Structure formats: C-alpha cells, structure tokens
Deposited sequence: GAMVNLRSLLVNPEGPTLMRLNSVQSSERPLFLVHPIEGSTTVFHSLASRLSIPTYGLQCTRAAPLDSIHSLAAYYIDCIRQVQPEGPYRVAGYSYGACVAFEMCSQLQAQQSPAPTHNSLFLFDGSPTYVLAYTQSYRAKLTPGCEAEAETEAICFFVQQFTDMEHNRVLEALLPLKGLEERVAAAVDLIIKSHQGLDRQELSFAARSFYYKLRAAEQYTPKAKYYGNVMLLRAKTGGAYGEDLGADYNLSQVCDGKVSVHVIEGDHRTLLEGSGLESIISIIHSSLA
C-alpha cells in the first residue's frame, strides 16, 4: 500500500524521468522527501508541460552530509542537462537538499521551489539511532513507542537496531522486501543526522519560492534567515502531505506561470 512507496530500490537509478513531455525546455528536477522516493511527485509531474525528473535516494547516494548528497545529485543532473540554468524543487526533507544544491551551483540565476520545507524545516549515538529507527518502525506498524523503544535501546548499534526493526516490520507485513526495509531503516537515520546537522554555508542571493501548506518558522520557514534575494511564499491548500495532491492545481499553476 502506502508503505511500499516509503521504500526505494537500493539499486535503482538516482535520476529518473517522471513524465513523457518531449519538449526541449530545461527540465525541472524534483528532490525526494525523507523516505527517498519520488512517488509523491507522480501527480504533479504527470500534469506538467515541461520535462520533469525525480531524484530518489538509493545506496549510491553519500549521506555523510547534506553537502555531499547535494554535490552528488548535481552530478546526476549535469548528465541530463550539462548547462548552468537549473530548475530544481525539493519536497519537505528534499527542500533542504534542493536548497543546498542551488546553493552549491551559486558558489560554483536558478529556479528553486520548496514544497513545504526548508534548510530549517556526540555521545548520544544510541538514543539518536533508537529514536530515529523507533519512529521509522511506527510508520510501518502500530506498535507503541515504549514497547518498540524498549526493544531497540539496549541493542549494540545501528545494524542491530535496523535488523530488529526490519524483523518487527515483517512480523506485520511478510511481503515487504527485507533488503529494502533494511536499507530504508538505516538510511533514514543517516538522513536525519545529515539534516539535523546541516547549516547553509553562505547566503543565497537567488530567488526562492516557498510553497507552504495552509494547515499546520513564520510563514517563511526561516528562509529569510539564509536568503538575501527575493523570497516569495504561496500558501497551498491542505497539510504537509495533501499539499501536492487540490492544492496541487495551485502548485501546477504557480510553477507553470513561473518558469516562462
């Protein structure tokens, strides 16, 4: 169901075309939410008049930091589009990565769309990993925090937690690929770490557009804290998850009307 769309093929391609659009215009690149899949971008892409791609997080992506992750996604991009003027958007967690990407392209005139997300929106390894994976577990099962927390806290480290987690999950959905869950659970922790440890290097002088959800740091998601250029935020109908589904019509118009 909704759960298999929280998993990605660890060996799948990083950059995948999301719609037919044979056009010759510069494409629009969509950066995945924290779960790594470009599934949420399916509706939006199908209803877009420009070629749009998706970036998913597979085993090939370096997660030591948002900086590395962005530099790698930039490389995947330059294969489909070698030239400078880039159009990139990032959903939720992807927002931050998309920001770092355009940010690196700057230091090295691009369009940047943030779908309800932003760069904002050492001895405690154990608790961090436990809470991360504990959370991850709750997305696939019903298990109570405390019961799950009790099973993951005393474990040696990440791989034991991931394994114990994958077991708890399968004991609820036997059909889920254990290799995917295992990769999902582990990268999930690494993605959180990289994000909750990210802080823009310099100020972004480029034009940013925040498409915020209507139903819920102040209608800016702290964008102004890191941007100098034009920061325009549109309020879309729905909450964090429904926004791209019709808050989608609004978004489709806004994106269309922007990119000439």
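- Coordinate coverage of the deposited sequence is interrupted at 1-3, 112-117, 131-143, 239-244, 274, where no C-alpha atom was modelled.
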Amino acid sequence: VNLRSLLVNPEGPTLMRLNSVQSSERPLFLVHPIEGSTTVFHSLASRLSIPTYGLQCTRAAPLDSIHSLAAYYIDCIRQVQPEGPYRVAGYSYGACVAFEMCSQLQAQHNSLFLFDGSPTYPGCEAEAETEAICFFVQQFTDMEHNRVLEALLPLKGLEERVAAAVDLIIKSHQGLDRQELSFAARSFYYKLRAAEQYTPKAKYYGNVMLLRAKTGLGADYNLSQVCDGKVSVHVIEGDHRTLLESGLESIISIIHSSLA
From here on, numbers count along this sequence of modelled residues.
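- Remark: stretch with higher mean C-alpha B factor among 64-72 and 45-53 is 45-53.
- In this entry, the higher average B-factor at the C-alpha atoms falls on 145-153, of the pair 92-100 and 145-153.
- Within the selection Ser250, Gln22, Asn9, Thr14, the deposited Cα B-factor values reach their highest point at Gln22.
- The residue among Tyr190, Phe115, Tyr86, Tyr121 whose C-alpha carries the highest B-factor in the deposited model is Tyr121.
- Ranked within its chain, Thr58 lands in the lowest third, by CA B factor from the PDB record.
- Per the deposited record, the Cα B-factor of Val31 falls in the lowest third when ranked against the other modelled residues of its chain.
- Sort the chain's modelled residues by C-alpha temperature factor and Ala219 lands in the highest third, per the entry.
- Annotation for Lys171: C-alpha temperature factor in the highest third relative to the rest of the modelled chain, per the entry.
- The PDB entry assigns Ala107 a C-alpha temperature factor belonging to the highest third of its chain's modelled residues.
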